[PDB]
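Enquirer: based on what follows, work out the 3D shape:
(8 chains, ligands or ions: 16)
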Amino acid sequence: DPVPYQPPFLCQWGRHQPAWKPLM
Amino acid sequence: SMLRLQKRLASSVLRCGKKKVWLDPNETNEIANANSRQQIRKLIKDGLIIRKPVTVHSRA
Amino acid sequence: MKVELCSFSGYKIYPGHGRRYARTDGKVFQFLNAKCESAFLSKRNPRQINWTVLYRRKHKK
Amino acid sequence: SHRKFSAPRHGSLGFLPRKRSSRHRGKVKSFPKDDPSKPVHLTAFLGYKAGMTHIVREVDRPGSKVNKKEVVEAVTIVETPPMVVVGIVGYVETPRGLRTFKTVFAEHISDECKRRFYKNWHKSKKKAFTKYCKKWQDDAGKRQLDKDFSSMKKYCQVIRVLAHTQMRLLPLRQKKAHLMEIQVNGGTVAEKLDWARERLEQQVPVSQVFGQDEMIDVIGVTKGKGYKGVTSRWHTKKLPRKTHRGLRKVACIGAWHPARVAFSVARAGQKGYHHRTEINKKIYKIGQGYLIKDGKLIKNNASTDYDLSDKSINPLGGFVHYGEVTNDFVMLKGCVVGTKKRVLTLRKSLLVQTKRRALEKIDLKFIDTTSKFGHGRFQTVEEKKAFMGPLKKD
Amino acid sequence: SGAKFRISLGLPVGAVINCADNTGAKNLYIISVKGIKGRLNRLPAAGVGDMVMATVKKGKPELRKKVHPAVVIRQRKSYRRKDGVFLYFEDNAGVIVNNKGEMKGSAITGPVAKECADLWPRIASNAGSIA
Amino acid sequence: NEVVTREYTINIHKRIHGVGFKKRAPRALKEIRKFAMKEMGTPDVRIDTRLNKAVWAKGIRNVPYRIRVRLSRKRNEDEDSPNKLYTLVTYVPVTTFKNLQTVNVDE
RNA sequence: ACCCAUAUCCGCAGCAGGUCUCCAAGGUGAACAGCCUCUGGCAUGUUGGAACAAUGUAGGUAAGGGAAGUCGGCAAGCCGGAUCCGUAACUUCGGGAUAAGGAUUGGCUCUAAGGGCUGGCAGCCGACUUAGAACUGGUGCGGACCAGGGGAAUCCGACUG
RNA sequence: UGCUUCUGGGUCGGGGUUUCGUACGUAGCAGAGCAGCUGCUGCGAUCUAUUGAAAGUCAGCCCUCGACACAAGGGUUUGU
Ligand SMILES: [Mg+2]
Ligand SMILES: [Mg+2]
Ligand SMILES: [Mg+2]
Ligand SMILES: [Mg+2]
Ligand SMILES: [Mg+2]
Ligand SMILES: [Mg+2]
Ligand SMILES: [Mg+2]
Ligand SMILES: [Mg+2]
Ligand SMILES: [Mg+2]
Ligand SMILES: [Mg+2]
Ligand SMILES: [Mg+2]
Ligand SMILES: [Mg+2]
Ligand SMILES: [Mg+2]
Ligand SMILES: [Mg+2]
Ligand SMILES: [Mg+2]
Ligand SMILES: [Mg+2]
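Expert: Residues are numbered from 1 along each chain as shown, chains lettered A, B, ... in the order given. Ligands and ions are numbered 1, 2, ... in the order given. Take a look:
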């Protein structure tokens, strides 16, 4: 079987994400 | 037992759909050893498999 | 406790039941149930509706 | 910071272990305090919620806007067949409480009461009180019985009597009687015990305990409604339409820093089936059973002085989800607790009842026996037959 | 002596009832009800025979753009009388009436419910029919 | 005393009450099978195909209110089994279900 | 050969995604819309059974009031087809415009008008429409489906893209 | 909560209650009218009578004691 390649991270944190945003 | 080869071949020999193929439920072991189109033409002639009629869609 | 009659049916209303209705022109109406209230407010005729008392006096039943 | 606009709180924390009742039958948590100036009597009775109807009556309270006017009043009917007294029990006053001292049962206890002592009466050999009753047909057992009553004359302070409902008379499915201790409040304890020893294996009807225009306490278990949310169980505000994870919720539980959720915060759970005691229920009418005399029975329960019609309080098609009330009953102003067929403890009032409204006398003008299984519109059967005329099935 | 029993009151703040007298008004916009302590998130509501603060929303221009005290006379929300009848009208209505109870107009069109007319004698004197 | 045939009418309407629209003809079949298990203590209940057509005659939603059913206990044929007897459940066409007692039909 | 796509391709997989064409019935209807059916196909989308708690998710319904809710009419609802009227400010004179606002609508039984071929007439033939009238129903009729909420202004960008 | 005192529940049927609103079939010198034959006969929505009829109604409505079978069982534990 094809060993699954490591989890494909596609960012959400950072400045785009409006959920968990701190102060600033 | 397994009558999908005979229903497919009966559909192709009758020139209809297998919606209309009527394989006899009592003579399952006589249809089950047909396995060709020549044997199935004999089963058509004997009347063990029948083209079912068109479902009525009346225009009346 | 004057038992009153339905303005639509003609049935005899008892002191707990029904719902009394007053228009702006005067003419307070009593009803036995919202069957008769809904039949009245739809401007149906009691003489054309089979189970009412007025139909059954009109058609001699 | 503080809550901006102050508001009262949703729910009462006096009723707060909002669980299913551990009892099906309402316990008298407190009997009335006796004085020996009164004669000996019962202070409680055990009836069954039959159903509901209207009443029409004149009101005589001076000063009101409804003085000498005819109101309608919702009433409950509680079917109360007479209870049978099968035991006495005395209570000694202790510094730890009020301990049950000695229980003395009767000789002949019916199978109705015997059902109660058995979780499965089909499988059993029905052996209860079979060695107890050998005390009642000898000499030595009767001497021990007399010594038990004499030992209760000295030491008992509270005497309660064991009575069960005569369950055979009801329209219910069950055959198993409800037992209940009723505190005998009356004169001295010896007179009380002689009185209750007289009443052993005897019928006690409801007119013995209660009377008309009496305010009683009605004890029972609430109609059960299930596992309900905090908008049903506690009646908080529904959150706006735009809320993500649901809106029939309590949004903020508590603050950060008491880092527990408090007991005063409203959570979801068991709504209904709670034990309640709801007081000041006026007995509008004590009714009478059906009874046969001069061959033909007399059943006119809902007959009043202004009606003079031979109808019983049973509506057309009977009571809905209950059955027929062929026994004597009490008719109580307003609604009482519980579902239909619910055993419903009646208690004489703890309080010294002195008001204008609570001392009012009652003369009814009209007991409504219209059908409650739909919008009924005829009071009795022959009225319907005289109005409708003859049908096809005739 | 005898006081008003509570009945079902289905005219909250925001209702435009019509004006059943000859002041010249046509509408009455209820801006509050007189006598309400209140509770968090409730509209003050008014039934028959409730003194109410209104606003003529159309009518004579001498009457518009100010607050009038008013009395509610007919309501379409059904209310139970103490003899056990549920009564409701063909529309909601009211009259402009000062703070002591005197009618600003002369006559009242339509019936006046008696829950109002027992409690307000000048309206009952101008009332054509009652209930 | 074992092989008994007998007529029943089953009030399907009070056994099908409350169930959703896509589950009325299947539940009607399940309560006919429970009925045949109750009146005759045979766990092997075989219900006829003409009764299947009779229950499904309208659709999966609308099922007939009463149905007349001939309920026949029988001695079991070979394929010998834990069940000594089987109940065959047959359909009886009936114009009206009025004053129909449970008739013990005779063999 | 075969699959040619809610399982044969590409999406780490029998993945609700993606991926170029050809054929194309009956009714209703303007319709290759939606809804029902025939030919052909299928087995409910990687499982079943029992109950019908809360919280959901997706549909609805609500007396009386009617935006008082909210940052904000968000969401929902109103309106909706056809025919007959009627249609404003303003304007680049094209529009605005289905402006706005009204009436009608079913079934049944009739009447009138609208044509061809052969030898101002006579015979023999066939199509769908349109208009009007009577009668009739518990005022119900675009009965499901389909199917514009509208008006008065202000800012910005002419517009279509 | 119920599970043999010929008793007990259950099923079905019958009554009561109630919900909608007057079934099919038949009949009609009732029917806007139309067609055909020398007044009769067909087509026709609707109406009237039969007929407060028809249909549903405990599945969590109320009484039956009318039919019909069933029910004196199976299992696991528990001792001062
Ligand atoms: Mg504060
Ligand atoms: Mg959101
Ligand atoms: Mg009721
Ligand atoms: Mg608020
Ligand atoms: Mg090829
Ligand atoms: Mg798949
Ligand atoms: Mg579809
Ligand atoms: Mg599915
Ligand atoms: Mg499947
Ligand atoms: Mg509303
Ligand atoms: Mg409304
Ligand atoms: Mg606002
Ligand atoms: Mg929107
Ligand atoms: Mg415009
Ligand atoms: Mg400007
Ligand atoms: Mg642009």
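
Enquirer: number of residues surrounding the closest residue to chain E within chain B?
Expert: Distances between chain B and chain E by CB to the nearest CB are smallest at residue B:60, namely 53.0 Å. No exception for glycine: its C-beta is placed from N, CA and C like everyone else's. The tally of other residues near residue B:60 (other CB atoms under 10 Å in any protein chain shown) stands at 3.

Enquirer: and for residue D:386?
Expert: Count around residue D:386 with other CB under 10 Å applied: 10.

Enquirer: compute the first-to-last residue distance for stretch D:165-176.
Expert: Using CA to CA, to the nearest Å, the end-to-end distance of stretch D:165-176 comes out at 9 Å.

Enquirer: would you mark the buried spots in that stretch?
Expert: Residues of stretch D:165-176 classed as buried: D:165, D:166, D:167, D:170, D:171, D:176 (neighbour count, 16 or more other CB atoms under 10 Å in any protein chain shown).

Enquirer: quick one: contacts of it?
Expert: D:46, D:48, D:79, D:81-84, D:112, D:115-116, D:121, D:177-178, D:203, D:322-327, D:341, D:343 (CB atoms under 8 Å, 6 or more residues apart in numbering or on different chains).

Enquirer: now swap in stretch D:374-392 and tell me
Expert: C:11-12, C:14, C:17, C:32-33, C:35, D:309, D:311, D:315-317, D:368-371.

Enquirer: now list the buried members of those residues.
Expert: C:11-12, C:14, C:17, C:32-33, D:311, D:315-316, D:368-371.

Enquirer: for the residue nearest the centre of chain D, which non-adjacent residue is closest in space?
Expert: Closest residue to the average C-alpha location of chain D: residue D:344 at 2.4 Å, with CA atoms, centre = their mean. Distance criterion CB to CB, 6 or more residues apart in numbering or on different chains; nearest residue to residue D:344, sequence neighbours excluded, is residue D:220 at 4.6 Å.

Enquirer: hang on, the earlier thing: can you flag which of the contacts of stretch D:165-176 belong to strands?
Expert: When DSSP state E defines the strands, the subset of the contacts of stretch D:165-176 inside them is D:46, D:48, D:79, D:83, D:84, D:203, D:343.

Enquirer: and those residues, which two are furthest apart?
Expert: Maximum pairwise distance among the ones in strands among the contacts of stretch D:165-176 (CB to CB): 18.4 Å, between D:203 and D:343.

Enquirer: mind listing what's buried along stretch D:277-286?
Expert: By neighbour count with 16+ other CB under 10 Å, stretch D:277-286 contains the buried residues D:277, D:280, D:281, D:282, D:283, D:284, D:285, D:286.

Enquirer: just checking, what packs against the helix of greatest length in chain C?
Expert: Counting residues, the longest helix in chain C under DSSP state H turns out to be helix C:34-41. Secondary-structure packing of helix C:34-41 (3 or more CB pairs under 8 Å, 6 or more residues apart in numbering or on different chains; DSSP states H and E): strand C:19-23, strand C:26-31.

Enquirer: list the contacts for the spatially most central residue of chain F?
Expert: The centroid of chain F falls nearest to residue F:32 when counting by CA atoms, centre = their mean (4.2 Å). Shown in contact with residue F:32 (CB under 8 Å, 6+ apart): F:10, F:12, F:47, F:51, F:55, F:67, F:69, F:89.

Enquirer: if we go to 7 Å?
Expert: F:10, F:47, F:69, F:89 (CB atoms under 7 Å, 6 or more residues apart in numbering or on different chains).

Enquirer: distance of it from residue F:15?
Expert: 9 Å (CB to CB, to the nearest Å).

Enquirer: residue E:108 too?
Expert: Residue E:108 is 62 Å from residue F:15, by CB to CB.

Enquirer: more crowded one of those two?
Expert: The residue with more neighbours, out of residue E:108 and residue F:15, is residue E:108; 22 against 16, by other CB under 10 Å.

Enquirer: contacts only, for that one.
Expert: E:20, E:21, E:95, E:123, E:126, E:127, E:128.

Enquirer: neighbours around the residue in chain E that RNA strand H sits nearest to, how many?
Expert: Per CB to the nearest atom of the strand, residue E:86 is where chain E lies closest to RNA strand H, at 17.2 Å. Other residues near residue E:86 number 16, with proximity taken as other CB under 10 Å.

Enquirer: what about residue E:43, how many residues nearby?
Expert: With other CB under 10 Å as criterion, residue E:43 counts 15.

Enquirer: picking up where we left off before, and which of the ones in strands among the contacts of stretch D:165-176 is nearest residue D:60?
Expert: The closest of the ones in strands among the contacts of stretch D:165-176, once distances to residue D:60 are taken by CB to CB, is residue D:79, at 29.3 Å.

Enquirer: the closest one and residue D:45 touch, don't they?
Expert: No. Using CB atoms under 7 Å, residue D:79 makes no contact with residue D:45, being 11.7 Å away.

Enquirer: so how far is chain E from the residue nearest the centre of chain A?
Expert: In chain A, the centroid-proximal residue (CA atoms, centre = their mean) is residue A:11; its distance is 3.0 Å. From residue A:11 across to chain E, the span is 43 Å (CB to the nearest CB, to the nearest Å).

Enquirer: return the alpha-carbon coordinates of the single longest helix found in chain F using CSV.
Expert: Using DSSP H, we find that the single longest helix of chain F is helix F:25-39. Only the C-alpha atoms of helix F:25-39 are listed here, as CSV (Å, rounded to 0.1, in the frame of the first residue of the first chain):
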residue,chain,number,x,y,z
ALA,F,25,-46.5,-0.9,5.4
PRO,F,26,-43.3,-2.5,6.8
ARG,F,27,-44.6,-2.0,10.4
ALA,F,28,-48.0,-3.3,9.3
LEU,F,29,-46.2,-6.5,8.2
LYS,F,30,-44.4,-6.6,11.5
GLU,F,31,-47.6,-6.4,13.5
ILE,F,32,-49.4,-9.0,11.4
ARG,F,33,-46.4,-11.3,12.2
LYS,F,34,-46.6,-10.3,15.9
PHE,F,35,-50.3,-10.9,15.8
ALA,F,36,-49.8,-14.4,14.3
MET,F,37,-47.2,-15.1,17.0
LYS,F,38,-49.6,-14.0,19.7
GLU,F,39,-52.8,-15.8,18.8
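
Enquirer: what's downstream of that helix, the next helix or strand?
Expert: strand F:45-47 (DSSP states H and E).

Enquirer: hmm, stretch D:369-379 touching RNA strand H?
Expert: Yes. Applying CB under 7 Å from any atom of the strand, one finds stretch D:369-379 touching RNA strand H at D:370, D:371, D:373, D:374, D:375, D:376, D:377, D:378.

Enquirer: between those residues, which has the most around it?
Expert: residue D:377 (21 neighbours).

Enquirer: one step back: the contacts of residue E:108 in strands, which ones?
Expert: Per DSSP E, the contacts of residue E:108 map to strands at residue E:95.

Enquirer: how about the residues of chain E by RNA strand G?
Expert: Counting by CB under 7 Å from any atom of the strand, chain E comes close to RNA strand G at E:10-17, E:43, E:45, E:75-78, E:92.

Enquirer: need the buried ones from the residues you listed selected in PyMOL.
Expert: Here is the PyMOL selection string for the buried members of those, based on 16+ other CB under 10 Å:
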select buried, chain E and resi 10+11+13+15+16+17+45+75+78+92
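
Enquirer: which of the residues of chain E next to RNA strand G sits closest to residue D:301?
Expert: residue E:78 (32.4 Å).

Enquirer: burial count for residue A:10?
Expert: Count around residue A:10 with other CB under 10 Å applied: 5.
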